[PDB]
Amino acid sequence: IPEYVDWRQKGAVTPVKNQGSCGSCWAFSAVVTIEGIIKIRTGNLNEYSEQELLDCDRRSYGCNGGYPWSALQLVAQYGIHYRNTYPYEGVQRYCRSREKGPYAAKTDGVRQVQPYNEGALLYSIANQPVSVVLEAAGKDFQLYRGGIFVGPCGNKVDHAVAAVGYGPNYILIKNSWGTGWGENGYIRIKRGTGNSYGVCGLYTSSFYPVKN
């Protein structure tokens, strides 16, 4: 794999969104890995409804938390709608997935990269934008302005974001806290420290969709 990966360059990443006051990070995170994998296969960059996953993921907890994997599992068993077809409302309603017609897209499965392994994660990212989790409940992470983030950080992962690339000293991550946070909505956390958990527990639970 190259020394530099940035799925944006390849036009596989949609603008940075703001989840507002919802614990729907897991949703935003999953939706990103979907918009990218679809771009890689189709060649068309589309935005998909995170609201759909927010309302319909029964294994998650709507705006009170959730899991990117179960959300991706829901897109491999049914599919997902366009974002404009199921606009984000920063709140959890009832699943309105049958009031919008067929799914704009669908995947064929979900896989979990080997946890606690920087290489394995890096390998996956090199192939497609990957969903990952980290510890965000920290003044340091919270107030991040730019540059390679090193912490201080804990491995008490409580936030789901999307890894859309990497460099020799970091991993490019797309957050869902609006473009006002970090580097225009993005953050580059440092890699290659020897810590299994990875800075902020970034190597704890990584998933990605499988599309043919």
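Note that residue numbering begins at 1 and tracks the sequence as displayed.
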property	result
Mean C-alpha B-factor comparison - 130-138 and 99-107, higher one	99-107
156-164 versus 41-49 - greater average Cα B-factor per the deposited record	41-49
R145, C-alpha B-factor rank within chain (lowest, middle or highest third)	middle
Ranked against its chain, the third holding the CA B-factor of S21	middle
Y116 CA temperature factor, ranked by third within the chain	middle
Chain-relative CA temperature factor third for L202	lowest
Position of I80 among the chain's modelled residues by C-alpha B-factor, lowest, middle or highest third	highest
